[PDB]
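>>> sequence below, structure please.
(3 chains, ligands or ions: 1)
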Amino acid sequence: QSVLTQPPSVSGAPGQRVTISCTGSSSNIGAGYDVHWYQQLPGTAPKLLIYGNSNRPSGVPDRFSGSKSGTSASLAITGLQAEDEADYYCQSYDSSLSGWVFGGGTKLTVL
Amino acid sequence: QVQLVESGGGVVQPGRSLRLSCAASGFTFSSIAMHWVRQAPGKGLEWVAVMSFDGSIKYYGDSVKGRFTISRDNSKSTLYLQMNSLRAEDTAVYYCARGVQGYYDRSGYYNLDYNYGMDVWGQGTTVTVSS
Amino acid sequence: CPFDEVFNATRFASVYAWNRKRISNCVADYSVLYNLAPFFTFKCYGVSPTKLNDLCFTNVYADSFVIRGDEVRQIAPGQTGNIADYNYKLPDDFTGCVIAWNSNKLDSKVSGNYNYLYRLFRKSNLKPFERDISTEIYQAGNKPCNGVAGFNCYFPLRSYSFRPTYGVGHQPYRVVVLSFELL
Ligand SMILES: *[C@@H]1O[C@H](CO)[C@@H](O[C@@H]2O[C@H](CO)[C@@H](O)[C@H](O)[C@H]2NC(C)=O)[C@H](O)[C@H]1NC(C)=O
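Numbers count the residues shown, from 1 in each chain, chains lettered A, B, ... in the order given. Below you will find the coordinate block:
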């Protein structure tokens, strides 16, 4: 299965603000450990999108934001173009299994 | 520049064991930790293994525990992953992903950095359990 | 001994111009660093504590600045982004220890403490241990700016927008960074 629950497919109209929520139990975010975000096109390997809940590496634009509120985190994109219709995953570290568990994997669309 | 290549794709029968090999190219290989993640086709990612700066500390997920071992070499700039008793579910692509540099805690206890994520990823090869 | 003045400073500085200190031929106790406080964070990369009995005190620099709580874990080796490529960059090298403690009520007021800044728009991202000073326009694309701050070319700094009702990761963490070397 998957440890961290996120919705399987979230739609999107261009120019809007789309949320992707990742709820984890009280053993991965409840211990204070951080939640990251990845970006995986089909046919290739993912790239790092957000680490440390709000940061961004060199290469991604200013539209990729995130936060961490309690036991759940969320990502938001504003002003989306047709370039980014790939999957996103949330990653955290727990002490229930002491493993770097992932999320279920959402799916974004452009209409 | 910085990239990771790997080898060891396979066609695997009921009972077999296998080894994976992921080379490294461009950056300081002897300092940063290394992660292994896999992804069954049809579902998302899944964390497999990690090994520290020197190799003294390793961790394993629940779906891979008891059948998996790991080793690295700073000489040939390689990373290994041998795998025992491959069952009927583990057909997946296997990524070798660069981790983050470990840190020293108070009172002199070396441990992995647990906050961060995996920065740069390779290509991944596909083991295929079958009949 | 001499770095008890770097922890209680009434005003630190922003990350686009921090403040080093050559510490010369004096006693450094180093047991006030570990066993200091529970709520401090003591990541150390270069060498471990309870080992540093060597004759190390050859110009130890203690950097210090202020950043967001979600931005503390950008200061590590590597870890590129907005504040580690244009403001203050660490190498993959002998950076000793990084300490980051919370400034809950030292600066966070409701109208905003404006003297904390960060340079977001810079060409040719930084070398390690490099400080920037100049405040001119970025020249991103086309037509040259003789200095008006008109269009497609931004003011290089940016404000900080303080408020007490922020998250845990946006109230400021006062961060110090040491350094280790020899002769
Ligand atoms: C400077 O700041 C340091 C902390 O970084 C102070 O050390 C602690 O200070 C508190 C009082 O604020 C004491 O209760 C602790 O016992 C001190 N701990 C240690 C390990 O010394 C230091 O006293 C401050 N100095 C001043 C007030 O100038």
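>>> residue of chain A closest to chain B, please.
residue A:105 (3.4 Å; Cβ to the nearest Cβ). From N, CA and C alone the C-beta is placed, and that goes for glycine too.
>>> now do the SS call for that residue.
Following DSSP: H, G, I helix; E, B strand; the rest coil, residue A:105 is assigned to coil.
>>> would you check that it makes contact with residue A:5?
No: counting by Cβ atoms under 8 Å, residue A:105 does not reach residue A:5; the two are 10.9 Å apart.
>>> for residue C:175, pull up the helix or strand it's in.
Assigned by DSSP states H and E, residue C:175 falls within strand C:173-177.
>>> now that strand, how far from the centre of its chain.
6 Å (Cα atoms, centre = their mean, to the nearest Å).
>>> list of residues touching it?
C:6-7, C:12, C:62-69, C:72, C:75, C:90, C:95, C:97-103, C:106 (Cβ atoms under 8 Å, 6 or more residues apart in numbering or on different chains).
>>> that older thread, quick one: residues contacting the residue of chain A closest to chain B.
A:2, A:6, A:8, A:87, A:88, A:89, B:43, B:44, B:45.
>>> one step back: quick one: check the strand holding residue C:175 for contact with the ligand.
No: against the ligand, strand C:173-177 shows no contacts by Cβ under 6 Å from any ligand atom, the least distance being 9.4 Å.
>>> pull the number of nearby residues for residue 67.
Using chain A. A total of 17 residues lie near residue A:67 under the criterion other Cβ atoms under 10 Å in any protein chain shown.
>>> please go with chain B instead
15.
>>> also residue A:38?
Residue A:38 has 26 nearby residues by other Cβ under 10 Å.
>>> any idea how far it lies from chain C?
Distance, residue A:38 to chain C, using Cβ to the nearest Cβ, to the nearest Å: 16 Å.
>>> so that residue sits in a strand?
Yes: secondary structure of residue A:38, determined by three-state DSSP: located in a strand.
>>> beta partners of it?
residue A:48, residue A:89 (DSSP bridges).
>>> OK, contacts around it?
A:46, A:47, A:48, A:49, A:88, A:89, A:91, B:45, B:117.
>>> run the last query once more with 7 Å
A:46, A:48, A:49, A:88, A:89, A:91 (Cβ atoms under 7 Å, 6 or more residues apart in numbering or on different chains).
>>> touching, the fourth one and residue A:39? I think so.
Yes: judged on Cβ atoms under 7 Å, residue A:88 makes contact with residue A:39 at a distance of 6.1 Å.
>>> quick one on the thing from earlier: in a markdown table: the contacts of residue A:105, plus neighbour count, distance to residue A:27 and secondary structure.
Formatted as a markdown table, the contacts of residue A:105 follow (neighbours: other Cβ atoms under 10 Å in any protein chain shown; distance: Cβ to Cβ, whole Å; DSSP: H, G, I helix; E, B strand; the rest coil):
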| residue | neighbour count | distance to residue A:27 | secondary structure |
| --- | --- | --- | --- |
| A:2 | 16 | 15 | coil |
| A:6 | 24 | 17 | coil |
| A:8 | 12 | 23 | coil |
| A:87 | 20 | 25 | strand |
| A:88 | 24 | 22 | strand |
| A:89 | 24 | 19 | strand |
| B:43 | 12 | 22 | strand |
| B:44 | 19 | 20 | coil |
| B:45 | 26 | 19 | strand |
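>>> need these in CSV (columns: distance to the ligand).
Shown next, in CSV, are these (distance: Cβ to the nearest ligand atom, whole Å):
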residue, distance to the ligand
A:2, 43
A:6, 41
A:8, 48
A:87, 45
A:88, 40
A:89, 39
B:43, 48
B:44, 44
B:45, 41
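>>> looking at those residues, which is nearest residue C:179?
Residue C:179 lies nearest to residue A:89 out of the contacts of residue A:105, by Cβ to Cβ, at 36.8 Å.
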